[PDB]
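To begin, one chain is listed below as structure tokens, in the form deposited in one PDB entry.
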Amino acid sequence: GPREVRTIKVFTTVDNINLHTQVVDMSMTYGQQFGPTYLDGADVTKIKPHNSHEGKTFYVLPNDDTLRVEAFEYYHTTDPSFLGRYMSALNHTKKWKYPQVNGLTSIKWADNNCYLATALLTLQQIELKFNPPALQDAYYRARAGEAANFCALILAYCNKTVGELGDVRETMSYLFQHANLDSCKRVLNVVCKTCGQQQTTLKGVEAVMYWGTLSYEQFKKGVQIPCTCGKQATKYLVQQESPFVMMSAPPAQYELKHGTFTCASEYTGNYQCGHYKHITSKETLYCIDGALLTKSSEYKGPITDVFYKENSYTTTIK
């Protein structure tokens, strides 16, 4: 008989839904045949096919027309490096633990993931619909307790790697861009005794996010901002249409009072070397810190984001 190649049968994919049958040469690396290749997040680019690999599914980079279409439609990304960064993160997040704390999926602390835990807890408490099929799929999986893919996707979408220190407000900003916030609208009015008044309408992400004040009530009453003429002007909320709002500000000692907010991010410590915790208002106040939970009737600490429920609001200010 003539000398012949040994092969096995595997599937490749970019979305784990459309599987593509491949015959691989056992004498070559996966990289030699597919380019960068991943097995449940593990980089097997330099590995030759094992007999145990037969029938398994491998993730590859979108390097042909079919895979580019499938990656673009599933992930809503134009970045060729997306699949690689996602799988590199999944290799770690699949090893994290995701305890249920107070009825929510949290993350046990690892790899400086405190900002991810507080973001994950927050996402389970505000009404959000993600546009990428990958995010909406992984999110439901996260609510059921299996958050590893959702966490690796958040890292990919935010261009962060495992172990990098993160920021909740920036994370929320990246994710909100992938959310359907089309019916979200905010109308603001800015009043200066000299220059008069000017109204502004904001839609989408800019209608739900605000930087500089934690108190939604204070935003309704009016916040002092500098105006172009050197006098402090007053900016106040005229109309809001959204299922929630997110008020953020530099970490500052702040009292959280039960029933007046949905949840909040505490940041202790110094700039870019501190620690996030999550505070949620249920029947009392719950402080979720990864796997850890404490309860209290009152809470005061260095708060940096507060989330509030909303539906429709219209000022009574003339």
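A residue's number is simply how far along the shown sequence it sits, counting from 1.
A second form of this protein, the form solved in complex with a small molecule, is not displayed here; the remarks below concern that form.
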Exercise. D182: heavy atom within 4.5 Å of the small molecule in the entry with it bound?
Worked result: yes
Exercise. Given that the partner is absent here, does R85 sit within 4.5 Å of the small molecule in the entry with it bound, heavy atoms only?
Worked result: no
For this session: Verify the contact flag for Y140: yes if a non-hydrogen atom of it lies within 4.5 Å of a non-hydrogen atom of the small molecule in the entry with it bound, no if not.
Result: no
Exercise. According to a 4.5 angstroms non-hydrogen atom cut-off, is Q125 in contact with the small molecule in the entry with it bound?
Worked result: no
Exercise. If you check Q224, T200, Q177, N102 against the small molecule in the entry with it bound, which one has a heavy atom within 4.5 Å?
Worked result: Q177
